[PDB]
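Quick note, the sequences are listed as chains A and D, same order. Counting in the entry's author numbering, the first sequence runs from 1 upward without gaps. Counting in the entry's author numbering, the second sequence runs from 1 upward without gaps. Data block below; observations after.
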Amino acid sequence: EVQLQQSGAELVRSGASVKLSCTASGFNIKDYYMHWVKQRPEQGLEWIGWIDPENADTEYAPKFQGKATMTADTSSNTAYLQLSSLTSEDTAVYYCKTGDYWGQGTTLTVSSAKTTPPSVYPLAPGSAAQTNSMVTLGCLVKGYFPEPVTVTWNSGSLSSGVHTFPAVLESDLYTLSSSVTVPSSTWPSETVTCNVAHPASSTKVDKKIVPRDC
Amino acid sequence: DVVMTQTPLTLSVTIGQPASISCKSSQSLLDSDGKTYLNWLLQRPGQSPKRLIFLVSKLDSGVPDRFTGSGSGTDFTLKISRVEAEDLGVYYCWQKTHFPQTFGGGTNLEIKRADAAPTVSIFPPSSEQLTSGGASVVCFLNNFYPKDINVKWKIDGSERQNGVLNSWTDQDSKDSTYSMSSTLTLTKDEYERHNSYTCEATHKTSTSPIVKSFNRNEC
């Protein structure tokens, strides 16, 4: 049963180092080269280097020479990738691979931000405003760090008609929004509340949407 | 480095119909050893990449014969004779001839469906936010198809680019539409120096833009 098991997600501060691991089972790492690959959403896949665990020989892509150090502990069938002098440009998923087998990836987040709970703001439609058979409401979840937040509507009871958007980074902090579309027959007689948990800050906020009744 | 450019960026597919994806390299991938080290990967959402083709045309174990690869030099093609559901995801070409090995930017295969206009909703800043000294105006553009959409903000009738943050969902698993959020953030002071705020969307479903607006001095 060939399996490359990578270490868990890490969140670190700019300037730090990390040492990612990749443990093989079902074969001997001394028999084949092990590679590492970086993936970011915008910039895509980039090959970092390989190590030959049989003799500890390495080759790095020039751009990673200053940054990456590959090693292997053959007695524990594990390869390691040390990444140093980290910056936000190192925030990525890192994969190990050998032969035609890829590991599951490790997410690395690098930031200088301080832990910050989101500011959660209601996006309230007009009451008098009668928008076809359906009404869209929302919540803005602004300026938090780190990921993730967990957004629910009506304590999780309302999942139909929800769009919770991917977070985007604003000046080192994250922002996202969530919309929910409900039957106009039900609103505002049935209340709608967003719930936004941010475990990293020991917070969970509720914002009841109150109709803008001008 | 060798640059690997994929065409198209997105291919809209129909189950049972063929698909073709192109990869152009900036330099020949013919190795001095006579082999051409060009691979294809598929990555399904939230999953690790998996190789389907190596050495231009060789299929990996378990890959169905609906897939074929061809190419030489700087030009490569992946073909799927008939698309199946399990084929959807992002395909990358991948060259190893030239050190360092490099990857294309990816081609997304997405499901074609009937055009659908966005449902557009606009929201002023909350009073809670306005106490912060910041002011965000939020526009949702929901459940539209195809994914190509242009969103523009106007303040007092003049187009505004600075301070906009956009985010997009992936294709919905149930209705095959896309959604988008656009947020314009101003200082409270700048927000209170203007009256009219507009989110405008141009989408192929209509020749004229969808305009959603509020005025601070109106309902």
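We put the CB at the ideal spot given by N, CA and C, even for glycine.
Please report the straight-line C-alpha distance between residue 122(A) and residue 142(A), rounded to a whole angstrom. Within the first sequence, residue 122(A) is the residue found at index 122, counting from 1. Within the first sequence, residue 142(A) is the residue found at index 142, counting from 1. Rounded to whole angstroms, the separation of the alpha carbons of residue 142(A) and residue 122(A) is 11 Å.
In or out: residue 53(D) buried (at least 16 other Cβ within 10 Å) or exposed? On the second sequence, residue 53(D) is found 53 positions in, with the first residue counted as 1. If you draw a 10 Å sphere on the C-beta of residue 53(D), you find 16 or more other C-beta atoms in it, and that means buried.
Can you have a look at residue 245(D) and say buried or exposed, based on whether 16 or more other CB atoms are within 10 angstroms of its CB? As shown, chain D starts at 1 and ends at 219. That puts residue 245(D) outside it, with no answer to give.
Thinking just about the alpha-carbon of each residue, which of 59(D), 79(D) and 36(D) is nearest to the one in residue 7(D)? Here residue 7(D) refers to the residue found at position 7 when the second sequence is read from its first residue. The shortest Cα separation from residue 7(D) among 59(D), 79(D) and 36(D) belongs to 79(D).
I'd like to know whether the C-beta of residue 165(D) is nearer than 7 Å to at least one C-beta of chain A. Working through the second sequence from its first residue, we reach residue 165(D) at position 165. With 7 Å as the cut-off, residue 165(D) counts as an interface residue toward chain A.
Between the segment 20–28 of chain A and the segment 68–87 of chain A, do three or more beta carbon pairs fall short of 8 Å? Contact between the segment 20–28 of chain A and the segment 68–87 of chain A is present: three or more C-beta pairs spanning the two stretches fall below 8 Å.
Which partner residues does residue 160(D) have in the DSSP bridge list? On the second sequence, residue 160(D) is found 160 positions in, with the first residue counted as 1. For residue 160(D), which the question treats as bridged, DSSP gives the partners 153(D).
Please report the straight-line C-alpha distance between residue 171(A) and residue 73(D), rounded to a whole angstrom. As a working mapping, residue 171(A) is identified with position 171 in the first sequence. As a working mapping, residue 73(D) is identified with position 73 in the second sequence. If you take the alpha carbons of residue 171(A) and residue 73(D), they lie about 44 Å apart.
Residue 142(A) - containing beta strand (DSSP E), residue span: Residue numbering aside, residue 142(A) sits at position 142 when the first sequence is read from its first letter. Per DSSP, residue 142(A) belongs to the beta strand (DSSP E) from 134–144.
To the nearest angstrom, how far is it from the Cα of residue 96(A) to the Cα of residue 160(A)? Residue 96(A) sits at position 96 when you count from the first residue of the first sequence. Residue 160(A) sits at position 160 when you count from the first residue of the first sequence. C-alpha of residue 96(A) to C-alpha of residue 160(A): approximately 38 Å in a straight line.
Could you name the residues of the same chain whose beta carbon sits closer than 6 Å to that of residue 97(D), not counting the 5 residues immediately before and after it, in chain order? Start at 1 with the first residue of the second sequence, and residue 97(D) comes out as number 97. Taking residue 97(D) as the centre and dropping the five residues before and after it, the same chain places the C-beta of 29, 31 and 37 closer than 6 Å to its C-beta, in chain order.
Can you give the beta carbon distance from residue 204(A) to residue 191(A), rounded, assuming they're within the 8 Å contact cut? Working through the first sequence from its first residue, we reach residue 204(A) at position 204. Working through the first sequence from its first residue, we reach residue 191(A) at position 191. The pair is not a contact, with the Cβ atoms about 18 Å apart (cut-off 8 Å).
Can you give the Cα-Cα distance for residue 82(D) and residue 67(D), rounded to whole angstroms? Locating residue 82(D) in the second sequence gives position 82, counting from the first residue. Locating residue 67(D) in the second sequence gives position 67, counting from the first residue. Going by the C-alpha atoms only, they are around 9 Å apart.
Along the segment 181–196 of chain D, what residues have a CB closer than 9 Å to any CB found in chain A? Residues of the segment 181–196 of chain D whose Cβ lies closer than 9 Å to any Cβ of chain A, in chain order: 181, 183 and 185.
Per DSSP, residue 46(A) forms a beta bridge with which residues? As a position in the first sequence, residue 46(A) is number 46, starting the count at 1. Answer is 38(A), bridged to residue 46(A).
Where residue 62(A) falls: helix, strand or coil (DSSP): Translated into positions along the first sequence, residue 62(A) becomes position 62. Residue 62(A) falls in the helix class under three-state DSSP.
Using only alpha-carbon positions, find the residue among 48(D), 59(D), 117(D) and 110(D) that is nearest to residue 202(D). The residue you call residue 202(D) lines up with position 202 of the second sequence. Residue nearest to residue 202(D) within the set 48(D), 59(D), 117(D) and 110(D) is 117(D) (criterion: CA-CA distance).
Within this structure, are the beta carbons of residue 84(A) and residue 14(A) separated by less than 7 Å? One-based indexing of the first sequence puts residue 84(A) at position 84. One-based indexing of the first sequence puts residue 14(A) at position 14. With respect to the 7 Å criterion, residue 84(A) and residue 14(A) are not classified as neighbours on the basis of their beta carbons.
Span separating the alpha-carbon of residue 38(A) from that of residue 87(A): Counting from 1 along the first sequence, the entry for residue 38(A) is found at position 38. Counting from 1 along the first sequence, the entry for residue 87(A) is found at position 87. Between residue 38(A) and residue 87(A), the C-alpha separation is close to 14 Å.
Contact check, residue 188(A) vs residue 127(A), beta carbons under 7 Å: What you label residue 188(A) is simply residue 188 of the first sequence in a count that begins at 1. What you label residue 127(A) is simply residue 127 of the first sequence in a count that begins at 1. Taking 7 Å as the cut-off, the Cβ atoms of residue 188(A) and residue 127(A) count as close.
Sorted by chain position, which residues of the same chain lie with C-beta nearer than 7 Å to residue 176(D)'s C-beta, five sequence neighbours on each side aside? On the second sequence, residue 176(D) is found 176 positions in, with the first residue counted as 1. Same-chain partners within the cutoff: 111, 113 and 145.
Would you identify the three-state DSSP class for residue 154(A), choosing helix, strand or coil? What you label residue 154(A) is simply residue 154 of the first sequence in a count that begins at 1. In the structure shown, residue 154(A) adopts helical secondary structure according to DSSP, grouped into three states.
For residue 182(D) and residue 151(D), believed in contact at Cβ under 8 Å, the rounded distance: In the second sequence, the residue the question calls residue 151(D) occupies position 151. In the second sequence, the residue the question calls residue 182(D) occupies position 182. At roughly 5 Å, the Cβ-Cβ gap stays under 8 Å, so residue 151(D) and residue 182(D) are in contact.
Residue 151(A) beta carbon less than 7 Å from that of residue 178(A): Within the first sequence, the letter at position 178 stands for residue 178(A). Within the first sequence, the letter at position 151 stands for residue 151(A). Less than 7 Å separates the beta-carbon of residue 178(A) from that of residue 151(A).
Take residue 154(D) and list the residues in its own chain whose beta-carbon comes closer than 6 Å to its own, dropping the five residues that flank it on each side. As a working mapping, residue 154(D) is identified with position 154 in the second sequence. Residues 198 of the same chain have their beta carbon placed closer than 6 Å to that of residue 154(D), with the five preceding and five following residues left out of the count.
Compare the C-alpha of residue 161(D) against each of 217(D), 47(D) and 185(D) and name the closest. Counted from its first residue, the second sequence places residue 161(D) at position 161. Residue 185(D) is the option with its Cα nearest to residue 161(D).
How far does the alpha helix (DSSP H) with residue 189(D) in it extend, from its first residue to its last? Within the second sequence, numbered from 1, the residue matching residue 189(D) stands at position 189. DSSP places residue 189(D) inside the alpha helix (DSSP H), whose first and last residues are 188–191.
Following the continuous beta strand (DSSP E) through residue 22(D), name the residue where it begins and the one where it ends. Within the second sequence, residue 22(D) is the residue found at index 22, counting from 1. Counting along the chain, the beta strand (DSSP E) containing residue 22(D) begins and ends at 19–25.
Minimum C-alpha distance to residue 60(D) - residue among 41(D), 172(D), 205(D) and 75(D): Residue 60(D) sits at position 60 when you count from the first residue of the second sequence. Selection 41(D), 172(D), 205(D) and 75(D) evaluated against residue 60(D) yields 41(D) as nearest (Cα-Cα).
Roughly how many angstroms separate the alpha carbons of residue 219(D) and residue 213(A), rounded to a whole number? Residue mapping note: residue 219(D) aligns to position 219 of the second sequence, counting from 1. Residue mapping note: residue 213(A) aligns to position 213 of the first sequence, counting from 1. Residue 219(D) and residue 213(A): Cα-Cα distance of roughly 8 Å.
Are the Cβ atoms of residue 47(A) and residue 59(A) separated by less than 7 Å? By 1-based counting over the first sequence, the position of residue 47(A) is 47. By 1-based counting over the first sequence, the position of residue 59(A) is 59. Taking 7 Å as the Cβ cut-off, residue 47(A) and residue 59(A) do not qualify as a contacting pair.
Identify the contact partners of residue 82(A) in chain D, using a Cβ-Cβ distance below 7 Å as the criterion. One-based indexing of the first sequence puts residue 82(A) at position 82. Chain D residues near residue 82(A): none, gap ~19 Å exceeds 7 Å.
Check whether the segment 41–50 of chain D touches the segment 126–142 of chain D, taking contact to mean three or more Cβ pairs, one atom from each stretch, closer than 8 Å. Segments in contact, no.
Residues of the segment 146–176 of chain A with a CB closer than 8 Å to any CB of chain D: list them in chain order, please. Near chain D, meaning a CB-to-CB distance below 8 Å, the residues of the segment 146–176 of chain A are 163, 165, 166, 167, 168, 170, 175 and 176.
Using 10 angstroms around the beta-carbon of residue 210(A), count the other beta-carbons present and answer buried if the total reaches 16, otherwise exposed. The sequence position of residue 210(A) within the first sequence is 210, counting from 1. With fewer than 16 other Cβ atoms from the protein chains shown falling within 10 Å of its own Cβ, residue 210(A) counts as exposed.
Can you tell me the Cα-Cα spacing of residue 61(A) and residue 100(D), whole angstroms? Working through the first sequence from its first residue, we reach residue 61(A) at position 61. Working through the second sequence from its first residue, we reach residue 100(D) at position 100. Per the coordinates, the alpha-carbon of residue 61(A) lies some 6 Å from the alpha-carbon of residue 100(D).
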